[PDB]
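Q: whatever this is, show me its structure:
(5 chains)
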Amino acid sequence: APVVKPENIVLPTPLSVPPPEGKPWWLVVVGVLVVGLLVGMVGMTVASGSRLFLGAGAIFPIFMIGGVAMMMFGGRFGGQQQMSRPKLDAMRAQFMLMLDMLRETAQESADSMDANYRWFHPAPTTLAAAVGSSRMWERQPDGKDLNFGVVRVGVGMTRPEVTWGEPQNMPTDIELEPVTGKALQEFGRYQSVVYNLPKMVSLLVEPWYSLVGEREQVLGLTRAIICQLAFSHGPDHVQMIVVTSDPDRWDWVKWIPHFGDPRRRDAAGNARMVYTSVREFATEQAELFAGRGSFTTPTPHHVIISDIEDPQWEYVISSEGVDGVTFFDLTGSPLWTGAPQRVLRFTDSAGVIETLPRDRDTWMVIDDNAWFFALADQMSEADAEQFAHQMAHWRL
Amino acid sequence: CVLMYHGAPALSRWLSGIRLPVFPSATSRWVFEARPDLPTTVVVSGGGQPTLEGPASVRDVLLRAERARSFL
Amino acid sequence: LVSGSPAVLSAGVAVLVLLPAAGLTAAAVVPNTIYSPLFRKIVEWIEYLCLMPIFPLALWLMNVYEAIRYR
Amino acid sequence: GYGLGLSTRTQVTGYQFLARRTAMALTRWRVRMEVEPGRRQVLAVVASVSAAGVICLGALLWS
Amino acid sequence: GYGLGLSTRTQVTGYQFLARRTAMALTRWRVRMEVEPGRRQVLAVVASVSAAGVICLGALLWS
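A: Numbering: from 1, shown residues only, chains lettered A, B, ... in the order given. Here you go:
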């Protein structure tokens, strides 16, 4: 399996620069007087015309031969001093190269995180491998449990494994040099996240989820979820239930062994755990549990999917849920949408999920405001059926 | 043209519509955790393609650079 | 009005129709665009540089220089 | 402190500073004062006047 | 920061630095900037122009 490592990197301290005080008014008067003298002298050389005067009038005022050095006293008397520029430009360049070294370190870290996440969370299309890496996740609360109950739902941002230590000793905002300050702002802004990684939902932290948006968006995501669980988790660890009013949309699930009821047998094999109503629960085995405590492992973790739109769920489903079972409310209703942290809302036609920001590690909500979460890995019925025809080939 | 040979990289920056950052001259706020969200490119066939994601508006730098080269 | 030259007429109507139109274009463009800090210094210094000539030119209009040369 | 009592030069500059800061608060509606174009352009005026004076002297020397 | 708002000279040099660094990133494909021939040769251009100006003045003094 791949490797990933956290790091901590302190950002460098921006440059400081003293703001120019501005020249006093008499200096301007003196400058104008000096120019007046210079033009008066040369003018009287032109008016006098003799080559002796034309020599003398240039020979005596040659002072720049020393004044090029005496510029150093500009910083003593307070004249204009543009000449510190080269040193500052060198400092800028140096700082920028240091920042580049940090950026490439962030790049390699983000590449490692990407390789790891996509190894754990392949895209739905790629799940047709169906062997070798299939069903390899494990019940037991160590190791694989970090990804046992978690499902890739989309792609989006995440915080890197590098941690940006504070740029200590920040100069005050009048001393702060514009370039290095702005560059560091942009670094902190954009190296804050890795873009287009797999976005994950943990099944172990919410009693249910409710899917609000357009019907085919919601369905496509649901098929993707189902096939992700079916590839990643074996039928002995995760069992599946679909409760529907439109079984034609769900006819593909018959091939998937996770929908097989081990208790009832028919001609085709195990009974399909697809019901046309919540009243059609003739199981009563997933409905003798207690309320659910979010994990911080049941024998199968039942996943019950509903798009029946029936008021009768609120009887067998309290405000807290059932122990070994997580739910997915298709066709979002006020019964299931009573917890915004559970609502995955397709805000944009492409399938942009918004929900609450959750911690990468604990999956716990970090703040209550709804925000961009993912673009959903929506999958077609044909691809789902094709994967199901692959998964039906296996019985281990 | 002898001057223009020296000014040709600068003009090719300027015509390509690359613009260097504004400077926070007096706003005195330097921390902004706005984390710009992905622009997302829908595949032109549409049907059954999960749409792709690029990191920000800054993806237009990749276009502007190739334009700057062509100007130069 | 004082001069009867058609060239003066053409220049006058041209400046009357262009200069406020240029002001309109400046009002539409400038608040939306970015600008380079260098150009912003030129647009500052334009002010001081158009300020400075006016007193010498004024003294030229009074012919103070010619009076002080002669008187 | 009524009347025509004496004042130190540090108070003269302190008042002129408060006058400029109040002028900037009057024409603009910001008082962040790290740079101030008012001074810069009155210096440009001073340059205009001193240049006119200089040329007037340069005119005096002819006879 | 839209519009024609004021800017400090430290921002003027900061922008000119980012302009040179972007120009070097454009003509060459390296941004290690410890030395930069672009500046050196535009200084050579400046030397050419200032020498032409100087000789033009030295030509003016003849009559």
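
Q: and residue A:233, how far from residue A:384?
A: Between residue A:233 and residue A:384 the distance is 16 Å, computed by CB to CB, to the nearest Å. (C-beta placed from N, C-alpha, C; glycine too.)

Q: residue A:87: neighbour count?
A: By other CB atoms under 10 Å in any protein chain shown, 9 other residues sit near residue A:87.

Q: what's the longest helix in chain C?
A: In chain C, with assignment by DSSP state H, the single longest helix is helix C:6-29.

Q: kindly report the same for chain B.
A: For chain B, assigning by DSSP H, the longest helix comes out as helix B:2-15.

Q: can you name the residues in contact with the following helix or strand past that helix?
A: Tracing the chain C-terminally past helix B:2-15 and defining elements by DSSP states H and E, one meets strand B:40-41 next. Under the contact criterion CB atoms under 8 Å, 6 or more residues apart in numbering or on different chains, strand B:40-41 has outside partners A:348, A:350, A:352, A:375, B:51, B:52, B:53, B:54.

Q: can you check stretch A:238-247 too?
A: The contact list for stretch A:238-247 (CB under 8 Å, 6+ apart) reads A:226, A:229-230, A:250, A:253, A:256, A:258-259, A:273-278, A:280, A:286, A:300-309.

Q: now it: buried residues?
A: Judged by neighbour count (16 or more other CB atoms under 10 Å in any protein chain shown), stretch A:238-247 contains these buried residues: A:238, A:239, A:240, A:241, A:242, A:243, A:244.

Q: quote the end-to-end distance of that stretch.
A: According to CA to CA, to the nearest Å, stretch A:238-247 extends 22 Å from its N-terminal end residue to its C-terminal end residue.

Q: so where do the strands sit in chain A?
A: The residue ranges that make up the strands of chain A, judged by DSSP state E, are A:7-10, A:150-158, A:162-165, A:194-202, A:208-212, A:240-244, A:260-266, A:269-272, A:274-275, A:302-307, A:325-329, A:343-348, A:352-355, A:371-376.

Q: could I get those strands in a markdown table, plus columns for distance to residue A:85?
A: Formatted as a markdown table, these follow (distance: least, CB to CB, whole Å):
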| stretch | distance to residue A:85 |
| --- | --- |
| strand A:7-10 | 29 |
| strand A:150-158 | 40 |
| strand A:162-165 | 31 |
| strand A:194-202 | 37 |
| strand A:208-212 | 58 |
| strand A:240-244 | 69 |
| strand A:260-266 | 77 |
| strand A:269-272 | 78 |
| strand A:274-275 | 75 |
| strand A:302-307 | 66 |
| strand A:325-329 | 63 |
| strand A:343-348 | 48 |
| strand A:352-355 | 48 |
| strand A:371-376 | 43 |
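
Q: out of those strands, which is closest to residue C:50?
A: With distances scored as CB to CB, the stretch of the strands of chain A nearest to residue C:50 is strand A:162-165 (48.7 Å).

Q: what's the closest one in contact with?
A: Everything outside strand A:162-165 that qualifies as a contact, by CB under 8 Å, 6+ apart, is A:6, A:7, A:8, A:9, A:10, A:11, A:105, A:106, A:109, A:188, A:191, A:192.

Q: list phi and psi for the residue in chain A sticking out farthest from the centre.
A: Among the C-alpha atoms of chain A, the one farthest from their average position, using CA atoms, centre = their mean, is that of residue A:50, at 81.2 Å. With angles defined as degrees, to the nearest 10, residue A:50 sits at phi -70, psi 140.

Q: which residues touch it?
A: Under the criterion of CB under 8 Å, 6+ apart, residue A:50 has no neighbours.

Q: tell me how far it lies from residue A:58.
A: The gap separating residue A:50 from residue A:58 is 14 Å, by CB to CB.

Q: and what of residue A:114?
A: Relative to residue A:58, residue A:114 is positioned 71 Å away (CB to CB).

Q: looking at those two, which is more packed in?
A: More neighbours surround residue A:114 than the other of residue A:114 and residue A:58, with 18 against 13 (other CB under 10 Å).

Q: for the residue nearest to residue A:368 when sequence neighbours are not counted, what are its contacts?
A: By the measure of CB to CB, 6 or more residues apart in numbering or on different chains, the closest residue to residue A:368 outside its immediate chain neighbours is residue A:356, 6.5 Å from it. Counting by CB under 8 Å, 6+ apart, residue A:356 makes contact with A:340, A:341, A:365, A:366, A:367, A:368, A:369, A:370, A:371, A:373.

Q: and for the nearest residue to the fourth one once chain neighbours are set aside, the neighbour number?
A: For residue A:366, ignoring the flanking residues on the chain, the nearest one in space by CB to CB, 6+ apart is residue A:357 at 4.9 Å. Residue A:357 has 16 neighbouring residues, counting by other CB under 10 Å.

Q: so who does residue A:357 touch?
A: Going by CB under 8 Å, 6+ apart, residue A:357 touches A:365, A:366, A:367, A:369, A:371, A:373.

Q: do you know how far it is from chain B?
A: As judged by CB to the nearest CB, to the nearest Å, residue A:357 and chain B stand 10 Å apart.

Q: again with residue A:119
A: The spacing between residue A:119 and chain B, counted by CB to the nearest CB, is 19 Å.

Q: give the contact list for that residue.
A: Residue A:119 makes contact with A:1, A:2, according to CB under 8 Å, 6+ apart.

Q: assign residue C:67 to helix, strand or coil.
A: Residue C:67 carries the three-state label helix when classified by DSSP: H, G, I helix; E, B strand; the rest coil.

Q: how about whichever strand or helix holds residue D:54: buried residues?
A: Using DSSP H and E, the element containing residue D:54 is helix D:37-60. Burial within helix D:37-60, assessed by neighbour count using 16+ other CB under 10 Å, is assigned to D:43-44, D:46-48, D:50-55, D:58-59.

Q: skipping its backbone neighbours, what lies nearest residue A:94 in space?
A: Distance criterion CB to CB, 6+ apart; nearest residue to residue A:94, sequence neighbours excluded, is residue E:34 at 8.0 Å.

Q: test my guess that the one you found contacts residue A:96.
A: No. At 11.1 Å, residue E:34 and residue A:96 do not qualify as touching, with contact defined as CB atoms under 8 Å.

Q: give the contact list for the residue nearest to residue B:16 when sequence neighbours are not counted.
A: Excluding the flanking residues, the one nearest residue B:16 by CB to CB, 6+ apart is residue B:68, at 3.6 Å. Shown in contact with residue B:68 (CB under 8 Å, 6+ apart): B:12, B:13, B:15, B:16, B:18, E:26.

Q: same question, residue A:249
A: By CB under 8 Å, 6+ apart, residue A:249 lies in contact with A:219, A:381.

Q: those residues of chain C touching chain E, which are they?
A: C:30-38, C:40-41, C:43-44 (CB under 8 Å from any CB of the partner chain).

Q: mind listing what's buried in the longest helix of chain B?
A: Along helix B:2-15, these residues count as buried under the neighbour rule (16+ other CB under 10 Å): B:8, B:9, B:12, B:13.

Q: is the helix holding residue D:54 anywhere near chain C?
A: Yes. If you take CB under 8 Å from any CB as the test, helix D:37-60 does meet chain C, through D:37, D:40-41, D:44-45, D:47-49, D:51-52, D:55-56, D:59-60.

Q: report whether that helix contacts chain B.
A: No. Against chain B, helix D:37-60 shows no contacts by CB under 8 Å from any CB, the least distance being 13.3 Å.
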